[PDB]
Structures are given as C-alpha cells and as structure tokens.
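One structure is given below, encoded as structure tokens.
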Amino acid sequence: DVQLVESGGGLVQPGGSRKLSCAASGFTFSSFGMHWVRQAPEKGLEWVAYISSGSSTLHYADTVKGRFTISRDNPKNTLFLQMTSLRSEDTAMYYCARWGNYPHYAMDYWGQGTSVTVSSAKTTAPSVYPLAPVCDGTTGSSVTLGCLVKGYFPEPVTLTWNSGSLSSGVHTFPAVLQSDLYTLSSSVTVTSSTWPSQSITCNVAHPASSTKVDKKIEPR
Amino acid sequence: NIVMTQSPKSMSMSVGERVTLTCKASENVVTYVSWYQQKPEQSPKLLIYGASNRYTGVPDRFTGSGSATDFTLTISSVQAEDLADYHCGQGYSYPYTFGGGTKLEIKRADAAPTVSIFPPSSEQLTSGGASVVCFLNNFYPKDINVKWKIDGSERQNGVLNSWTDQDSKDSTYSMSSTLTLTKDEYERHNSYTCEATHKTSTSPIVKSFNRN
C-alpha cells in the first residue's frame with residue numbers, strides 16, 4: 001500500500017540549515033501534490049508547504065516564505081524540504097502528507113514524522129540517578145521506585161525497566177526544560193516482598209548522543 | 001487566512017456518552033473541513049473528509065457535520081480507544097489551516113493520588129547536585145497543584161512539574177514534581193515536603209522526609 005518514510009531530522013543551531021527527506025512507495029508519486037505539515041512540542045498542526053505533482057505550483061506558509069524551499073525528485077520518488085535561516089520557533093515534528101482523495105482533496109496519507117530541534121544548546125547525554133525509597137521502605141505490599149534523567153539534550157530519551165520486562169506499572173514523565181537542558185523521571189512499582197532480592201534496573205538511551213545507561217536500584 | 005478555532009482543547013467524556021467537538025471557521029468553508037485523529041505515538045490519520053464522509057476503516061460512531069462557518073465532530077458513544085488528539089482542517093484555500101486541536105480523554109471516577117517522595121541519591125550528591133523528587137500517581141481528575149516546602153517554607157524556585165497523558169490501562173493521570181537544589185543548599189536544611197491540592201481532599205496531601 002501507500003508508504004511514506006521520512007528522515008533528516010536532528011539538532012541545528014539558530015540561523016542554521018537542514019534538509020528533510022520523504023520517501024514514497026506503493027503509488028504513482030509523480031501524479032500527486034505533496035505537503036509538509038509540522039507539529040510543535042506545544043503544539044497543534046501547522047501547514048508548512050505544498051508542491052504540485054510536476055513541481056510547478058509551490059505554496060508556502062507565511063512564516064516560512066523565503067526561508068524554506070520545498071522540492072521533489074520524481075525519478076527517485078522522494079519529496080524534500082530545504083530549511084534555512086532556522087528559528088527557535090521552527091522546532092517541531094515534521095510530517096509529509098500526500099494530497100490525495102480525489103475529487104475530495106485531503107491529506108489522506110502521512111509519513112511518520114521526523115524531529116527538528118533548533119537551539120544553540122549542544123548534544124549532551126543525561127545523568128541517570130536511581131530513586132530509591134526512603135532509607136528502605138518497610139511495608140505496603142507494593143513499593144515504588146524511580147529513575148531520574150537529568151541534564152540532557154536534545155529530546156528525546158527512552159526509558160525502560162529491566163530492559164522491557166517491567167512495562168506495566170511504569171510511568172514515564174514528559175521532559176521539562178530547565179537551564180537549557182532537559183530533565184525527566186520514570187517510576188515503576190514492584191512487589192514489596194521481592195525487592196531488593198530481585199534486581200530492578202532502569203535503562204536509559206539517548207539517540208542524539210548514542211548513549212545508553214543502565215542503573216540498578218539499591219536500597220538506602 | 002481561514003482561521004479555525006477548535007474548542008475545547010481538552011475534553012473528558014464518560015464511556016457510553018456523546019463526545020462533541022466544535023470547529024468554527026473565521027470565514028466560509030464549502031464542504032472542505034477534514035478531521036484527523038492522532039493517537040499518542042503516531043502521525044495524524046484522516047478520519048473525516050468533506051465534512052461528513054468517513055474514511056477507510058473509520059467506525060460509524062464517528063460522524064462529522066456542519067456547513068459554512070460551523071463544523072462538528074461527534075463521537076457517540078465514546079469508547080476507550082477513542083482517546084486521542086483531534087484536529088479540524090480546511091482544504092478550501094491557501095494557506096491550508098488547522099484547528100488548535102482537542103485532547104479527548106475518558107472521564108472516570110475520582111481517584112486520590114498515591115504520593116512517594118525521594119531524597120537525592122548519594123550518586124547525585126557526590127557530583128554536587130540535589131534533586132528531590134515527588135511522584136503523584138494514578139489520580140483523577142487531572143488538575144492538581146503541587147507545592148514544595150523546605151523546613152516548612154514554600155519554595156517555587158527550582159520546581160519542575162510534569163504530567164503524563166491519560167493512562168490507557170486505568171484512565172488515571174500521574175505527575176512528577178522535582179525540586180532542583182544544589183547540594184550545598186540541600187545540606188543546610190533538614191526537612192523536605194511536597195504538598196498537593198486535589199479534588200479528592202479537603203486538606204492538602206503531604207509527604208515529607210528529613211535529610212540524613
């Protein structure tokens with residue numbers, strides 16, 4: 001069926017430049033107009049650009065006009081977005097979408113989204129800290145443990161407990177920016193009679209810096 | 001530009017009940033409103049086209065209506081899986097525009113938060129940091145207010161609050177609150193307390209430890 005796959009996202013300095021790609025398959029690419037649409041961390045969908053099937057009619061949102069250029073390479077079934085003069089405000093998840101559903105034109109198929117972060121903060125792996133009930137939490141049947149993920153950039157990080165074995169009972173909180181770096185936490189609940197005698201480990205990975213950290217939760 | 005005003009941005013609906021979502025245009029749209037459903041991990045998917053046509057694999061519990069400047073999305077009855085962000089959009093005129101979105105949640109029974117508090121780890125301390133962390137887990141409704149006290153005095157500097165989205169398993173919320181200090185300050189006080197105010201208690205919900 002119809003398939004749209006994107007890439008080219010990443011971290012860029014303000015005023016910088018970047019090019020996103022959207023690969024298409026399972027339809028006649030050169031017969032459809034295509035859109036770029038973006039979604040800021042907070043929030044909403046925002047139309048960015050349109051290009052007709054043969055690259056003749058091009059349209060732009062007011063806020064990108066003169067900075068972004070949309071194009072396509074029909075022989076290679078690929079749609080592009082050239083971003084230049086990047087602003088903090090251009091930080092978003094970018095989606096490509098097909099202009100299909102003829103005669104009732106609609107964005108009928110969307111790519112998975114590729115993330116663009118624009119800031120002068122640099123890529124930094126997080127620090128990872130185990131949390132760690134009281135001095136050691138007697139009683140309760142259930143006990144709650146935690147993982148603190150601190151001072152990382154950019155988004156995102158992914159959190160697992162016992163490498164995915166512990167999935168139910170886990171709450172992983174959305175990152176918050178402070179002092180121009182991100183911080184989040186994750187909580188898990190386990191049986192009180194089996195902790196600490198069976199180990200619990202939070203695993204954290206940070207794509208941008210290719211970093212992976214495991215942290216066992218010790219009593220104390 | 002055709003401005004789309006979508007309300008409410010946040011809506012809770014009991015399973016079995018009717019969900020209604022409004023999108024008003026700043027000027028006329030001619031059967032050119034579409035609706036998109038966006039589930040947490042994923043990309044938006046076309047739900048309604050041309051105001052009232054359902055797209056491939058869209059349940060008939062979803063209907064769209066309207067004309068001119070007034071459109072609606074109506075989900076009757078809401079089921080557990082209808083939990084998502086919903087976006088109206090017009091394909092009538094360049095620039096194409098979207099509503100701000102609505103977050104549909106499930107309304108359930110009130111639930112008091114379960115609070116755990118955590119002193120900074122010895123590993124953070126040894127690096128010179130001192131974050132104190134409070135988990136407020138599995139509560140409903142979502143509105144909750146957290147205050148930190150240090151030796152009994154309120155402190156809002158260095159406080160980080162974060163809410164998960166609605167939990168798929170029990171339709172509750174959880175939130176995390178972090179007080180960020182330096183070790184050198186942390187070492188100078190004795191008692192740390194997070195206090196929350198929530199629908200479920202008349203009195204604030206408290207949780208405290210003394211540094212040792």
Side-chain angles (χ1 to χ4, degrees), chain A residues 41-43 131-134 137 140 142-150 159 168-178 182-189, chain B residues 7-15 40 80 83-85 101-119 131-150 152-181 191-209:
Chain A
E42 191 238 69
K43 232 298 170 48
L131 335 152
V134 161
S142 278
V143 63
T144 297
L145 309 164
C147 195
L148 176 67
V149 197
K150 163 119 117 91
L159 243 306
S168 186
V170 180
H171 302 297
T172 293
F173 305 97
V176 183
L177 186 78
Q178 83 142 72
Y182 287 108
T183 289
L184 67 72
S185 49
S186 185
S187 83
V188 59
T189 302
Chain B
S7 65
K9 163 57 172 262
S10 182
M11 212 222 309
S12 318
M13 193 60 53
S14 314
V15 285
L83 252 285
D85 268 289
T102 293
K103 178 90 67 60
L104 181 49
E105 99 185 48
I106 283 157
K107 212 195 231 128
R108 49 115 71 222
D110 298 352
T114 300
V115 191
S116 311
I117 193 168
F118 301 88
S131 293
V132 190
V133 179
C134 270
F135 289 142
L136 300 84
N137 286 357
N138 308 98
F139 61 88
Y140 195 91
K142 80 278 156 65
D143 296 328
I144 196 177
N145 176 245
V146 183
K147 291 172 181 292
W148 281 92
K149 294 176 180 307
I150 296 174
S153 287
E154 184 155 341
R155 163 70 152 259
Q156 39 177 352
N157 201 73
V159 175
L160 299 168
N161 292 330
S162 180
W163 288 252
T164 72
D165 273 341
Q166 190 163 61
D167 200 74
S168 185
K169 151 246 304 173
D170 58 14
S171 297
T172 70
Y173 288 87
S174 293
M175 76 143 287
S176 163
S177 192
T178 308
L179 174 74
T180 317
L181 304 182
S191 176
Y192 296 83
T193 299
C194 72
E195 293 185 7
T197 287
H198 186 254
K199 172 175 191 197
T200 59
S201 8
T202 70
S203 55
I205 189 174
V206 176
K207 207 66 186 185
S208 193
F209 69 88

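Here is the naming used below: chain letters follow the sequence lines, and residue numbers restart at 1 for every chain. Excluded from the calculations below are hydrogen atoms, water molecules and symmetry mates; all remaining heavy atoms, backbone and side chain alike, are included.
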Around atom NZ of B:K199, are there more than 12 heavy atoms of other residues, nucleotides or ligands at under 6.0 Å?
no

Checking the side chain of A:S186 only, and the main-chain atoms of A:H171 only, is there a donor and an acceptor separated by less than 3.5 Å?
yes

In sequence, state the C-alpha distance, the side-chain angles, and the governing distance for B:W148 and B:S177, and then conclude on side-chain hydrogen bond (donor to acceptor under 3.5 Å, both in side chains).
CA-CA 9 Å; B:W148 281 92; B:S177 192; 3.0 Å; yes

Heavy-atom count around B:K147 NZ within 6.0 Å, excluding the residue itself: above 12?
no

Considering all heavy atoms of both residues, which atom of A:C147 and which atom of A:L159 are nearest to each other, and what is their separation?
SG-CD1, 4.2 Å

Measure the shortest side-chain to side-chain distance between B:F135 and A:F173 over non-hydrogen atoms and say whether it is less than 4.5 angstrom.
yes

Interatomic distance, OH@B:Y192 vs CD1@B:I117, rounded to 0.5 Å, equals 10.5 Å

How many angstroms lie between atom NZ of B:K149 and atom OG of B:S191, to the nearest 0.5 angstrom?
11.0 Å

Run B:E105 and B:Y173 through side-chain hydrogen bond (donor to acceptor under 3.5 Å, both in side chains) and show every step you take.
CA-CA 11 Å; B:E105 99 185 48; B:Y173 288 87; 2.6 Å; yes

Do B:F139 and B:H198 have ring centroids that are under 6.0 Å from one another?
yes

B:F209 ring center near B:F118 ring center (under 6.0 Å):
no

Derivation and outcome, side chain to side chain contact (heavy atoms under 4.5 Å, CB included), residues B:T164 and B:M175:
CA-CA 6 Å; B:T164 72; B:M175 76 143 287; over 6 Å; no

With a 3.5 Å distance limit and no angle check, can you tell me whether B:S171 reaches the backbone of B:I106 through a side-chain donor-acceptor pair?
no

Say you draw a straight line from OG1 of A:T189 to CG of B:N137; how long is it, rounded to the nearest 0.5 Å?
6.5 Å

Candidate pair A:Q178 and B:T180, rule side-chain hydrogen bond (donor to acceptor under 3.5 Å, both in side chains), full reasoning
CA-CA 10 Å; A:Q178 83 142 72; B:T180 317; 3.1 Å; yes

Please report the interatomic distance NZ(B:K207) to CD(B:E195), rounded to the nearest 0.5 Å.
13.0 Å

Flag yes if more than 12 heavy atoms outside B:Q156 fall under 6.0 Å of its CD atom; otherwise flag no.
no

B:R108 side chain to B:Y140 backbone, donor-acceptor under 3.5 Å:
no

Could you tell me the separation between the CG atom of A:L131 and the OG atom of A:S185, rounded to the nearest 0.5 Å?
7.5 Å

Do B:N138 and B:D167 pair up side chain to side chain, a donor and an acceptor below 3.5 Å, judged on atom types alone?
no

So, do A:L184 and A:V176 sit near enough that their side-chain heavy atoms are less than 4.5 Å apart?
no

For a side-chain hydrogen bond (donor to acceptor under 3.5 Å, both in side chains) check, start with the C-alpha distance between B:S131 and B:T178, then their side-chain angles and the critical distance, and finish with the verdict.
CA-CA 6 Å; B:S131 293; B:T178 308; over 6 Å; no

Would you check if there is a donor-acceptor pair between the side chains of A:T144 and A:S187 at a distance under 3.5 Å?
no

Using the rule given for side chain to side chain contact (heavy atoms under 4.5 Å, CB included), can you reason through B:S176 versus B:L136, listing the C-alpha separation, both sets of side-chain angles and the distance that settles it, and then say yes or no?
CA-CA 6 Å; B:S176 163; B:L136 300 84; over 6 Å; no

Please report the interatomic distance NZ(B:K9) to NZ(A:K43), rounded to the nearest 0.5 Å.
6.5 Å

Student check: side-chain heavy atoms of B:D165 and B:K103 closer than 4.5 Å
yes

Give the intermediate values and the outcome of side chain to side chain contact (heavy atoms under 4.5 Å, CB included) for residues B:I144 and B:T197.
CA-CA 6 Å; B:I144 196 177; B:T197 287; over 6 Å; no

Does B:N145, at its CG atom, have more than 12 non-hydrogen atoms belonging to other residues, nucleotides or ligands within less than 6.0 Å?
yes

